[PDB]
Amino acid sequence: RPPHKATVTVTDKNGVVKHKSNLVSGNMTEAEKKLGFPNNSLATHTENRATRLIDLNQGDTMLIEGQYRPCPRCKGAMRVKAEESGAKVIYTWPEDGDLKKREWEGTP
């Protein structure tokens, strides 16, 4: 099967794009591999990779536009990322001919 795809945009509290990149699941990096099993496999999902792409500062918004409804460990990565960073993390995916949305926000 083809890899899962995601588009990740990080904009700061002022509006400046800090990051825009495209992502794919699969093909574990060695940095990932060092996490141990099962965390290293769990880390090759697009959402988990996105949360490990760039550190977030308070007030940032990380927008993650993926393809599938967010998986359980994927959701927790995006939540923990938002709470640990004091930032907003948004996930979208197509469903019923629309882009559906989930947000998590850490409150400092």
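Residue numbers run from 1 along the displayed sequence.
Judged by mean Cα B factor in the deposited record, 26-34 ranks above the other of 62-70 and 26-34. Looking at 85-93 and 13-21 together, the entry lists the larger mean B-factor for 13-21, computed on C-alpha atoms. In the deposited entry, the Cα temperature factor of residue 102 places it in the lowest third of its chain's modelled residues.
Split the chain's modelled residues into thirds by C-alpha temperature factor. Residue 42 is in the middle one. Among all modelled residues in its chain, residue 51 ranks in the middle third by Cα B-factor.
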